[PDB]
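Trainee: what's the 3D shape of this:
(2 chains)
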Amino acid sequence: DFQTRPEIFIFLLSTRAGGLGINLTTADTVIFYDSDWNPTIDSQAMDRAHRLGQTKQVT
DNA sequence: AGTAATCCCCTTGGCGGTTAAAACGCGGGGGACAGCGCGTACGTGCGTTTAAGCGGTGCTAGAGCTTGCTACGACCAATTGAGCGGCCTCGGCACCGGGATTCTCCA
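Mentor: Numbering: from 1, shown residues only, chains lettered A, B, ... in the order given. Below, you will see the structure:
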């Protein structure tokens, strides 16, 4: 759904269940409302956006 | 070593429908229940006798307790196969339909 249609603004996503898996490359912005103590997991989360096929500069 | 997210699983709850089971109406029948008469069978009282109960005497079986030990079960470590969990299939039992036999009830 999120990848299909640009009317959806925001994607709420838990850090561990949601950080690991598939591309989310029609986002452009990643907000850590809270940041994991293990920096790898925040890196995985950031790179669900910052990825091959990423549309725009990730902030 | 702790506490919280993640993920399996299994129980509870809701929605729809479909139809089979519960509820409702009504006539009548026959079974519940009150009433009657009799008669025989159980409670009562008496005289009879029978043996249960008590106080007393005698014996020995065997319940109850101690001693001594060795035969039998508790405990452990190594071995293995009998018994359990998972997968498969085919044949027994159900379920249906249809015609045959039985049973019931009013004539």
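
Trainee: ok, is the host helix or strand of residue A:17 in contact with DNA strand B or not?
Mentor: Residue A:17 belongs to helix A:15-19 when assigned by DSSP states H and E. Yes - against DNA strand B, helix A:15-19 shows contacts by C-beta under 7 Å from any atom of the strand at A:15, A:16, A:17, A:18. Yep, even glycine has a C-beta here, placed from its N, CA and C like the rest.

Trainee: Compare those and tell me which has the most neighbours.
Mentor: Among those, the one with the most neighbours (other C-beta atoms under 10 Å) is residue A:15, at 17 neighbours.

Trainee: what sits against it?
Mentor: Each residue near residue A:15 by C-beta atoms under 8 Å, 6 or more residues apart in numbering is listed here: A:34, A:36, A:41, A:42, A:45.

Trainee: how about the second one, secondary structure?
Mentor: Using DSSP: H, G, I helix; E, B strand; the rest coil, the secondary structure recorded for residue A:36 is coil.

Trainee: can I get the residues of helix A:15-19 next to DNA strand B in a markdown table with distance to residue A:25?
Mentor: Below are the residues of helix A:15-19 next to DNA strand B laid out as a markdown table (distance: C-beta to C-beta, whole Å):
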| residue | distance to residue A:25 |
| --- | --- |
| A:15 | 19 |
| A:16 | 21 |
| A:17 | 19 |
| A:18 | 15 |
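
Trainee: and the helix holding residue A:17, C-alpha only, in PDB?
Mentor: Output in PDB follows, covering the C-alpha atoms of helix A:15-19 (Å, rounded to 0.1, in the frame of the first residue of the first chain):
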ATOM      1  CA  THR A  15      12.400  -0.500  15.200                       C
ATOM      2  CA  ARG A  16      13.100  -4.300  15.400                       C
ATOM      3  CA  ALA A  17      10.000  -5.800  13.600                       C
ATOM      4  CA  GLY A  18      10.200  -3.000  11.000                       C
ATOM      5  CA  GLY A  19      13.900  -2.100  10.500                       C
END
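
Trainee: now what about the very next helix or strand once past that helix, what contacts it?
Mentor: Sequence-wise, the next helix or strand beyond helix A:15-19 is helix A:39-49, with elements assigned using DSSP H and E. Taking contacts as C-beta under 8 Å, 6+ apart, the residues outside helix A:39-49 that touch it are A:13, A:15-16, A:18-25, A:27-30, A:32, A:35-36, A:58.
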